[PDB]
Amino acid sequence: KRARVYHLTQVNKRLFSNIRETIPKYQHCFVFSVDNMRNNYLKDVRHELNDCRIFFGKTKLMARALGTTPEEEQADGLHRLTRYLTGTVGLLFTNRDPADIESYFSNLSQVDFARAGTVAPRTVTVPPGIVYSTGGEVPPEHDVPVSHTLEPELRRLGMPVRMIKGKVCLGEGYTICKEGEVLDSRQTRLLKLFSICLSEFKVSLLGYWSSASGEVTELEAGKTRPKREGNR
């Protein structure tokens, strides 16, 4: 019979240390917030910014790596940068000019199918009459009628569509979702069926610390964002 520590020791045979190793090597550390971060997108950002180091882990861990107080900070003034570390954020260490970083992320975007829980960025309404395969997302002349395969599926999901002259038809139109509404599983299913991508990957720079000054430069997105409250 063995003590738990024996068990733990045999099993015992990362982010915090990597961040601390990285701090001395870069002119700037940015905090960024992200919408619709996906593994592939992070890999692509890392590859394109191959001269930068990007961290995206537990926020509490990243904050402690940097140091949240003047006593614990790993570089002069760095504790003030930790004030941004709330919600879905990451760190970006770089020797690039801040305008270059701003330029890169202002143009960076990609779209995906929204998942349940996401807030709809816009209202989506399928127009009356013949139902097209993207439900009006694409102009009709560029689209094709929706497959009759989907007609009972569409009805199961709440759309009052009918069969008219061999084509799926509405009859006002049908609103799948309204702007600012939280999407549920039924709605995200309907959106995916029409190939409508309501989810957009987007990075916002909140602010950055600079080694040259030991000061934090606050950017617009960082101004109205809630700040970190110390845990201890």
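Counting begins at 1, following the sequence as shown.
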Please say, as none, 1 to 3, 4 to 9, or 10 or more, how many residues of the deposited sequence are without coordinates in the interval between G171 and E172. 4 to 9
Could you settle it for me: does 149 to 157 or 106 to 114 have the higher average Cα B factor in the PDB entry? 149 to 157
Going by the entry, of stretches 97 to 105 and 128 to 136 the one with greater average Cα B-factor is 128 to 136
Out of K43, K192, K165, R64, highest CA B-factor residue: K165
Would you mind checking which of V216, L219, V11, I23 has the top Cα temperature factor in the PDB entry? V11
Taking the entry's C-alpha B-factors for this chain, is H28 in the lowest, middle or highest third? lowest
Compare the C-alpha B factor of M37 with those of the other modelled residues in its chain, then answer lowest, middle or highest third. highest
Relative C-alpha B-factor of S17, binned into the chain's lowest, middle or highest third: middle
Where does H47 sit by CA temperature factor within its chain: lowest, middle or highest third? lowest
Looking at the C-alpha B-factor of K60, is it in the lowest, middle or highest third of its chain? middle
